[PDB]
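Remarks on the structure that follows.
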Amino acid sequence: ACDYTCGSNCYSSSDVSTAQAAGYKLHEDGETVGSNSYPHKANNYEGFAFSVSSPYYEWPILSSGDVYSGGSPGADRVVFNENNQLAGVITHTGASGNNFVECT
Ligand SMILES: Nc1nc2c(ncn2[C@@H]2O[C@H](CO)[C@@H](O)[C@H]2OP(=O)(O)O)c(=O)[nH]1
Ligand SMILES: [Ca+2]
């Protein structure tokens, strides 16, 4: 069983924790990776019911189990805050264009 399902993609809690820690370390040192500048501000245009406070930052979570360091992001993103608390895991899979849906 998947703890988070993003279209076809299966994610456990450890997958989410490894991706989040990588994302936060880079946020605090003011560094970014890749061509789209990861991590950046997750603005929340969709209006999701995140039980943690604002501002929100998005970072890629890869299907292969590897951490992001440059190149292709994929469809899936883990959202954390300024406190290093998980907001949720979102995806562009099954959403129109550059929009998002929450992972089930
Ligand atoms: N859909 C959407 N896109 C956002 C939001 N905050 C930042 N973006 C980023 O802006 C683009 C929308 O033009 C998206 O492809 C997405 O980048 P990522 O590709 O980095 O996930 C948001 O809350 N909603
Ligand atoms: Ca895994």
Side-chain angles (χ1 to χ4, degrees):
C2 304
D3 288 310
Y4 306 88
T5 308
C6 300
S8 288
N9 301 337
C10 194
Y11 296 119
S12 70
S13 288
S14 49
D15 280 329
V16 176
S17 299
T18 306
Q20 227 198 104
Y24 196 70
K25 176 77 207 319
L26 271 211
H27 166 49
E28 297 294 302
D29 300 329
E31 287 180 80
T32 61
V33 289
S35 57
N36 289 51
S37 289
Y38 288 114
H40 58 253
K41 212 193 177 298
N43 294 135
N44 196 45
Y45 300 161
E46 285 82 11
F48 293 131
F50 298 147
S51 78
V52 308
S53 57
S54 200
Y56 304 119
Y57 312 99
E58 54 164 291
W59 171 266
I61 183 176
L62 313 174
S63 57
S64 49
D66 295 318
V67 164
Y68 192 74
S69 46
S72 194
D76 332 323
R77 307 296 169 263
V78 278
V79 187
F80 54 98
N81 75 357
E82 199 61 75
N83 293 128
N84 194 222
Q85 291 176 102
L86 188 75
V89 184
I90 57 171
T91 188
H92 288 292
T93 304
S96 29
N98 276 305
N99 285 311
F100 284 118
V101 287
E102 274 193 270
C103 295
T104 57

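In what follows, residues are counted from 1 in the order of the sequence shown. What's counted below: heavy atoms across the whole structure, side chains too, no hydrogens, waters or symmetry copies. One-based numbering, in listed order, for ligands and for the atoms of each.
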TODO: For residues 31-47, pull every pair meeting side-chain hydrogen bond (donor to acceptor under 3.5 Å, both in side chains), keeping only residues two or more places apart or in separate chains.
DONE: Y38-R77
TODO: May I ask you to list the protein N, O or S atoms found at less than 3.0 Å from the Ca ion (ligand 2)?
DONE: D15 OD1, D15 OD2
Task: Residue pairs fulfilling ring pair (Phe, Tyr, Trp, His ring centres under 6.0 Å) with at least one residue in residues 82-104, sequence neighbours excluded - done: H92-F100
TODO: Mind checking the OH-CH2 spacing from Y68 to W59? Nearest 0.5 Å is all I need.
DONE: 8.0 Å
Open item on the list: Do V89 and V16 make a side-chain contact, defined as non-hydrogen atoms from C-beta onward lying under 4.5 Å apart?
Closed with: yes
- [ ] Flag the pair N83 / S53 as yes when at least one side-chain heavy-atom distance between them is below 4.5 Å, and no otherwise.
- [x] yes
Task: Neighbouring protein residues of ligand 1 - any heavy atom closer than 4.0 Å - done: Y38, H40, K41, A42, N43, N44, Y45, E46, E58, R77, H92, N98, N99, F100
Task: Residue of the set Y24, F80, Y56 for which side-chain contact (heavy atoms from CB on, under 4.5 Å) holds with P39 - done: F80
Open item on the list: Show, in sequence, the C-alpha distance, side-chain angles and deciding distance for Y4 and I90, and conclude whether the side chain to side chain contact (heavy atoms under 4.5 Å, CB included) test is met.
Closed with: CA-CA 9 Å; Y4 306 88; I90 57 171; over 6 Å; no
Task: Nearest-0.5 Å distance that lies between atom CG in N81 and atom NE2 in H27 - done: 9.0 Å
Open item on the list: Nearest 0.5 angstrom please: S14 OG to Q20 CD, how far?
Closed with: 12.5 Å
